[PDB]
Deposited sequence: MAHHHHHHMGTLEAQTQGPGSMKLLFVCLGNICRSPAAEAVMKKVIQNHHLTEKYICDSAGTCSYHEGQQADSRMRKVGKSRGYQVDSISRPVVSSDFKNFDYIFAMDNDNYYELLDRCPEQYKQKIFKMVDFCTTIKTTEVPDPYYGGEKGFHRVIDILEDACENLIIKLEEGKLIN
């Protein structure tokens, strides 16, 4: 199993799970998140086919060892993660939006209007669809 950790991130996990299930790769990929989900995000996500239901847990050190890839939703998580990450694992850490190909964004935005919840899911659909394509081709390179 390839293990993906998302660190807005309950939404990332839910979108990525659905994308994996669409390509029938559920046996090959497990998703998790870290560091009850927003009731509005749950409603909106559900209307677009995504089951947003993660118990919000914290990133711990063993996550850097246990997961194969770790995806930050914005730039500040990204450098925070790197600053925290053992040297040997630093290559596992990616920005989510680096997988976008049609939305021209530099971070996943924090949703504040209510179109804001849709915009987060739009960005995640694009990035997650491309991320699964890349994961299937081989090592993630960036």
item: Sequence order list of spans that the model leaves without C-alpha positions, deposited numbering; value: 1-20, 28-33, 62-69, 147-148
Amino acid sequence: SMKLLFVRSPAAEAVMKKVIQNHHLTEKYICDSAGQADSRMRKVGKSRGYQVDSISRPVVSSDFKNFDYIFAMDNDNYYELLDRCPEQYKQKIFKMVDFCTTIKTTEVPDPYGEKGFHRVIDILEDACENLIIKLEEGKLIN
From here on, numbers count along this sequence of modelled residues.
| query | finding |
| --- | --- |
| Selected stretch [higher average CA B-factor]: 24-32 or 54-62 | 54-62 |
| Entry-level comparison of average CA B-factors, 77-85 and 103-111, reporting the higher stretch | 103-111 |
| Chain-relative CA temperature factor third for residue 96 | middle |
| Chain-relative CA temperature factor third for residue 140 | middle |
